[PDB]
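# only geometry, no sequence info:
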C-alpha cells in the first residue's frame, strides 16, 4: 500500500497524504514574510508566462481577510481559493459573535483547524496550501506573523520563506535578518523582502509584488514604480560591494 | 486502472465507460430518422427471436409526449426505464412551468440530463442505449435529434444508429434531397432499413411511426378549436403494407 | 495507481487525476476569446461535422449566461451541460438579490470553487471542461477570463483553450496589437482557427462566433451570436473563401 | 487461503471467517483471569499487569451494577465499550422494571451486540473476552462471553494467556467448590490457587491480585491493594 | 503486515496494526517528561526548531486545560488540536453540572473515550474518527480525594497511572534513568532539577530556556506556566549541581 | 474475460454488455425445472415439473406456481431465494395497484413494473441482479389470455406460448411446429380442461418422459379467478390422457 | 382587514383589435399613511407585461420572482416567453404556497407573437387562470372598477381610443377610493411599440 | 473453486453459482447436529449440545429457543449468528401479533424469515448468514416443520436434519417414514427423537453431548411450545441407551 489513503497510519507513523501535500507547496510561488517593529511586509513572487496576462482584473497572491489581518498563500491556486474564502467568512463572523475584530492567533489556529479536520477524515484529502497570515492585534502594536502547514500545525516565526525553493531563500533570510534587531523602518523592511525575492525571480521588479501591513487597520499595497526604484537601489549597493572587494584586494 | 470506473480518466482523456457505452449502441438494431420539410419519419425493426414471441408486446417506438416520439438502438431493457422516466420528467419539469407539452429542444435536454447523472456518479453504469428523439413544435418547427450515452445531444438532418450503421449512413448521405415531403421519406426510410435484413421484411416486422400533421381524429375530443390533435401518429401494420406495395 | 481516488495525491506532489482531465480538453476543439477595448469576440470550433449534420439551426458552443455574460465551450458537452446550467442559475440569483447584473469576476469565482469541491470531496469525477468567459460589468468594463479544469482562473487579453493550444497561442501573441479593434480581432480569430483546425476551407457551418458590443445604445450592452449565413459573409471579406 | 481475511463480509472455503478466529487470539495476547463460583457466591480473580514498575497497573475489574460486574482479558479499548452497554441494560432494568437483571439474559444481549458489527461492513468483532459474574433471583452465575458471541454458563473457566493451567486446577477440584457455601474467604482461597497455575515467571503481589466478589447479602465489591493482603 | 489498510482489521497476532502504528508516531515527536511528587507534578518538555527564526515560546507543547489539570504533549500538533479541545470541553462542562474540580483519573478517561473511535461508524459508540490520533498526552493535576496524580494518556484508549513517564525520541534513555532515581521523598526543588538532568541527556540539541519549558500543578499556585527568566535560573542551578557530583 | 467486469455490474466489458448479468441466465438452470405455458381462448394454463429429490420433503410444499392476487398467477424458474423475493414484490405490487389506480391489475402492467425493477437492480451495483426468470400469467380484464416472460435483464415480451428451462429449445421447436401447421396462434379448444390435457401431452413428447402426479404442478388462470390444482385434481387430467 | 386591502393599489387591463392596455395607480400606502405617489406597480419581463396588486412586500418580491423565472426561460428556449405560456407560469408560482400564500392579485397582459391574438388574464390569492378577453381588474377598488369598466367598454377598439376607455375607467374609480389614486400610469401595447403615458390627475 | 467470485456475496461465477452462498452451507456442517420430527399431532425438536469438558453446568445451555410461544426453533451451525436470526424471528412474530391480533401461521413465519436471510445474500457490504434453522410448530392449519438453509431457501419437511451428524440423521429419518407411514404420534416421537441423536453421535463420538428434547404438540401441550423436562426426558434417554447397544 501503504500511501493509498489517510486512514492508513502507515508502518512509520507518517500520513503520506500530509507528506505529499507538503510536496505540493513547492510547485507554487515563493512568498516571504518579515516583521519589523511597526510593520509586517508580506511579499510574494508574482508569476509571468505571457504579456497577454492581465493584472488589472486578476487576483493578486495577497488577499485581505478583513481589514487588519491579511494573507498570502503558496500552493495550488485552485486549492487555495476555498481556503481563503473560509478564512475570510470566519473573520467577519468573529464580530457577529463577540463584537471585537479578529485576533491574529485566533485566525491562524482556525485555518489549520479547517485543514486538520480534512486531514482527520479519510474521505477527503486536505488542501495542499501553506499560508502566511500577517496582521496586528486589535488595539495594540506588536507585529504578528504566523505560518500554517497542510498537516494542520501552526507556528510563529519571526521571518519565514515558503514556496519554490524555500530553503535557498531561507538561509539568506536567516543571515541578514536578526531576531535581536529587526528593521528600523517600514522602508528598510520592504527592501529586505525584495532582496529575498530577487534571488528567486532571476531578473525582475515586475514579478515581485510588495504589500505592507501596519497596525491600526492599515493595509496598503505599494505601487510598481516604488518596487522598480527598490530593485534598482539593491543593484546600486550590490555594485558598491563588488568594487569594495577590489579596493580591499589592492590595499592589502 | 484507466478504464474501470466512471470516476477514473486516462492519459488520453475520457472515461472507459463512455467508449464501452458507445459499443452498447452499435450492438442494437438499426433504427433511423429522416427529416423532411413538413414532417419527420421514425423507424426501427423488431426481431422476435422466436415465432412464439409476439411482435406487438415489443414496443421499440414509444410516444414520450403526444408530440414527441422516440426510438432507440442498444440494449432492450435499459430503454424501458428511460422512457418511463422521460415521461415522468416531461410532465414535472416543463408542464408545471410551461403547462403544456414541452418544445423539442427542451425535452431533449431533460432526457439528456438523466443520461448525464448516470455518468456523473461513480458506481452507476451509464445507459445501454442512445436514443433518437424526433418531435414537433411551432417555434423551432419539425426537428430530429440524437441523445448519445454521454449525456450529450446533437440535432441532425438525417441519421441512423445500431448494427447496420455503416451501410445505412452511406445510403442516407447519397439519397437525401434539399427539399422532400414526408410521404417520400417513408419510402426512403423503408428502403434503407431493408439493407439490414433481407427476406424477413414486411409491415408486421417493421415498426414505423411519424411526427407529422395533427390528427383531430385521435385527439379524443371535439368542439374545441384552439387545441389540436396529436402530431405523433403510429402507422398500423396495414398502413405499412400500402406504402410497401407502392415500392 | 493515484488515479485510483481523487482524494489522494501522488508522491511527486501533483495530482494525476486533474492532469488527466486537462488532457481531456485536447480531444475537443479550439475556442478563442480575444479582448479588445472596443469589444470582445468569442469564437468557437465545432469538432464534429458531417453532410447530414444539422448545425445551421443550432448553437452549442455559445451559451448566453444572463443578458451580459456568455461563454464559449471546449471539452466534453455532458460535462459542460451541468455547469452552464448552474452558472446561469447563480448569476441571475445575484440579479434577484441585489438588483444588478452579476459581475463577471464573482460568477467565474463561484464556478471555479465548485470544480475544486468535486476534486476535494466525495468520489466524484473532476470535470474536464475549459470555459472562456466573456462579460461586461461597469466596475472594470469589458472583462475576459478563462477557467481551467483544476478549478482556477486567470485573466487574459487573449487566450486559447481546446486542441493545439501551444501553437495557437504562438500565433495570437505574434499578431496582437495592444489597442486592437473589434473587427481586427474577429479577423485574427479566423486566421488562427484556420491554421489549427485541419478543415482547410474552414467553412461557416464549422464556426460558431459571438461578439459582445456596447454599440447598442450607451450603458447598454448587446450580445450578438452570429448566425450561419453571416459567418459565411465575413470569410469572403477575410478572403478565406 | 487467506486471501479472505481482509473483510469480515467474506467467508472461507473451509466454512469459517478468519477475522473472528483472529479476534479470539487477541484475548490471549492480554492479561489473565479465572472465574469460578459457588451456589451462594461468585468470584473473579484477575492479574493486574503494569507497563513498567513506575507504572501503576491497569484496572481489570469494571463494576457493572450492584448485583453484576465483569472482568476483561485482551484489548482494553474493546472492553470499555462492551462494559458500557452492559451497565446501560442493568440501569434500564432497575429503572423501568424494578429488577436486578438476570445474568443469563444480559449475557445473551451481548451475544446479540457482538453480531451487529460482524454482519455489517466496517466495525469489527470485539477483541476482548469477558467473564461476567452476578447474583440474581436464580442465585449466582458465571458466564463466559467470547468475541464470536458464544455464551456459556460454567462453574469455572479461565481465559487469557496460559489459562489452560487454571482450568486444570479447576477441573480436578470441580465438585469441591460447589459444596462451599456461606464462606466467601474460601472461594477466594480456591481462586488464589488457580491464578498461580496460570503464571509463568512471576509471583503474586498485593497489587497483582484484584479479587471481585458478589453473593447473596454482599453486593458487588472490588478488593484492591490493602484488601487483598488477607488472602495474599 | 498487509492487513493494515482497513480501519480495523486483524492480523494473525490478534492486534490492531493500525492502533499500534500510531505508537511509533509518538517517537517522531519532541521529548516530553513528567515526574509526580507528593508536592506537585512537574511537566517538562523539549522544544525543537528547524531554524532559530521559529519563535520558540509561541509554540504549544504545555497547555492549560482548566485551572488544575495541565497537559504536556508529544506527537502531531494536528492531532492534538482536536484532542485538547475535547478535554477542555469536558472539564468546563463538569464544572457546569456539578461545581467540582474534575478528577485527574476521570479527565483521563474522557480523553481516551474520543480516542477509541477508529471506525466510520460501529455499534456502541458512534465513530467519526477515521484514523487513530498520533499524540499521547501526560495528564497532570490535583484532586483532593487522591492528591497529585500523573497519568499517561495513549491514543489507543489505554490509560496507565504513572509516577514518572517519558515519551518521544529520548523516551528509552529517560525511562532507564527514572528507574534508578524515583523517591516518594522528593521535594519540589529536587523534582524540578531532576527533570532538567534527564532532559539534557536525551536531547541531541543544546539546552537553553527556549528548548525547555517546565510547569507545575500545585493546588496553591494553580497551574503555573514558568517564565523564561525563571526557567534560566534553574538551568543555572543545574550547572552548579554537577560540579559537586 | 475477467478484470472489472465480471466482478461488477456497473463495469461494461468491451462486448457492450455486462457479463455478470448474463451469468444470471446461467443461474436459472440450477433448480432444473421446465415450464410450458400456452394460451387457451378464455383461459391460460401453466404446467411445471415438480421435482422431489428426497422423500423427507413434503410433496405439496414443493411448488413454483404462486397465487399473486385474484386474477394473477406466476411461475418462477430458478433459485428459491430469488423466487420468494421476486414473488413477494409482485404480490405486494398487485395489492398496491388497486388503491392507486382503482380496478384489478392486468398482467401486462405487473410484468412492466417487475421489468423496470429488474433494470434498476442492474443500474446500481448496490445489489446483484435477480437470479430468476419470472413468467407471469393472467386472464385479463378485457385483453383475455396473456403470457408474459420477464428476464432478469428486464427484457419482457408477451407470447403465444412460451417455455422456460434447460430443455427450453426442445419444447420451443415442438410449439412452432404445432402452431404453424394449425395456422392459429391460439389453442382453439374452448374449454379450459382440454387445454390442460394438451399441455400434458406436449411436455410428455418433448422431454421423452411420462410423468406421474407428484411430478407436475399445474396452475390455471380462468377469467376472473386464479387457482392452483392439488394432486387429486391433477389426477383427473392424467387419467384423461392415459385412457382416451 | 386583509393585508391586501391595507396597502392598496389597483391594476386594470383591457382588450382591443390587436392592442391591450394595462394601467395601474402609483399609490403606495401603509394603512391611511400615504408613503409614495410615484412607485409604479406594472413591470414587464420581455414583451409580456405584468401587474400585481395587493400587499406591497409580496408585490415587489413577486416582481423579482417572475423576472427571475422568465430570464431563465428566455435563455433556455432562445426566445422570449409568450403571454399564453406566461399565464400558466403565473398560476404555478401562486399554487406553490397554498397554506401561506402571497397576498397579491396578478394581471397578465400582452399580445402573442405566434398569432398576434390580444391576450389578458386574471388571478387571485392562490391563483388560477381566469380567462376573459374583455377586461381584468384587481385591487382595493376592484368592485368599483368591475362595473365602471363594463359600461365604458366596447370591443374592436383602436389603440388610441382604447387609451381613452381605460384612462376614464381608472381615474374616476381611483378617485372615489381612499387607498388608490394618487397619480397613475398606462402602457398601451400595440404590437412592437409600447407607448407609456402618465396620467395627470387630481391627488386623493 | 476458481479465483474471483469469492469476495462479496453478489458476484456470480460463470457456472451460475455464488461461492459465498455455497460457503455458508459449509459452515453449518462443523456445527452440532439438529433434527426435527414432524408428527400428525405435534412436532419434536431435538439437538445435540456438545459439552467441551466436565466443567460445564448441565442443563443450562440450550440452542432450543422459542418464538411467540407456539413456535420452536433450533439451529445448527454457528451459535451466535443463530441467536441473531431467532431474535429477528421474535420481531416477526411480535409485529404480526399487534396488527392482526393472532399468533403467526407457520407459512407466514417462514416467508418473513426467508426474506431476511435472502436480503443478507443480496448486498456487497452485508455477509451471508452461516446458520441453518430447523424450525416449525403447530398452528390453526395443523402441524408444519420447515428447514431454512443459509441461502434464503426453505421447503417443508416431514423429518429434517442439518449439522455434523446430518447423513446419519436423514438416513434414519427416511427409515422412519417406511416403518411408520402414519408418521408416529407425538409421545413415541420423543423417545424416538432421542435414538436418532444417539446415532448421529457415532460421527460425533469425541466428547459428550446433552440430550435436550422439546416439543409442541396439539394433543399433549395444547398447541403451545414447552420443553420436555423431568421424567419424560429420562425415559427418552433410557430407550436410546438400550437400542444403541
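Happy to help now that I have it. Numbers count the residues shown, from 1 in each chain, chains lettered A, B, ... in the order given.
# Let me know whether residue G:42 touches residue G:49 as I believe.
Yes. When contacts are counted by Cβ atoms under 8 Å, residue G:42 is listed as touching residue G:49 (6.2 Å). Just so you know, the C-beta spots here come from the backbone N, C-alpha and C atoms, and that holds for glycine as well.
# Can you list the buried residues in the longest helix belonging to chain D?
Assignment by DSSP state H gives helix D:76-97 as the longest helix of chain D. Residues D:76-83, D:86-87, D:89-90, D:93 are the ones in helix D:76-97 that count as buried (16 or more other Cβ atoms under 10 Å in any protein chain shown).
# can you tell me if the lengthiest helix in chain F touches chain H.
If you go by DSSP H, chain F has its longest helix at helix F:80-101. Yes. Against chain H, helix F:80-101 shows contacts by Cβ under 8 Å from any Cβ of the partner chain at F:80-82, F:84-85, F:88.
# gap between residue H:144 and residue H:72?
11 Å (Cβ to Cβ, to the nearest Å).
# Please apply the same query to residue G:132.
For residue G:132, the distance to residue H:72 - Cβ to Cβ - is 77 Å.
# out of the two, which sits in the busier spot?
Higher neighbour count among residue G:132 and residue H:72: residue H:72, with 24 against 11, using other Cβ atoms under 10 Å in any protein chain shown.
# Nearest to residue A:143, out of the buried residues of helix D:76-97: which one, please.
residue D:77 (46.2 Å; Cβ to Cβ).
# can you pull the contacts of the residue lying closest to the closest one once chain neighbours are set aside?
Nearest residue to residue D:77 in three dimensions, chain neighbours excluded: residue E:157, at 4.1 Å (Cβ to Cβ, 6 or more residues apart in numbering or on different chains). The contact partners of residue E:157, taken as Cβ atoms under 8 Å, 6 or more residues apart in numbering or on different chains, are D:76-77, D:80, E:112-113, E:115-116.
# Just give me the residue right at the centre of chain F.
Against the mean C-alpha coordinate of chain F, by Cα atoms, centre = their mean, the closest residue is residue F:135 at 3.0 Å.
# Residue B:45 contacts residue B:208, correct?
No. In this structure residue B:45 lies outside contact range of residue B:208 using Cβ under 8 Å: 9.6 Å.
# And the contacts of the lengthiest helix in chain E?
As assigned by DSSP H, the longest helix anywhere in chain E is helix E:77-98. With contact meaning Cβ under 8 Å, 6+ apart, helix E:77-98 is reached by A:18, A:109, A:112-113, A:116-117, A:119-120, A:151-154, E:59-60, E:63, E:65-66, E:69, E:71, E:73, E:100-102, E:107, E:110-111, E:114-115, E:133-135, E:137, E:155.
# can you check stretch E:212-232 too?
Contacts for stretch E:212-232 (Cβ under 8 Å, 6+ apart): E:39-47, E:57, E:61-62, E:64-65, E:67-70, E:72, E:140-142, E:144, E:148, E:188, E:192, E:195-196, E:199, E:209-210, E:234-235.
# try 6 Å this time
Applying Cβ atoms under 6 Å, 6 or more residues apart in numbering or on different chains, the external contacts of stretch E:212-232 come out as E:40-45, E:62, E:64, E:67, E:70, E:140-142, E:209.
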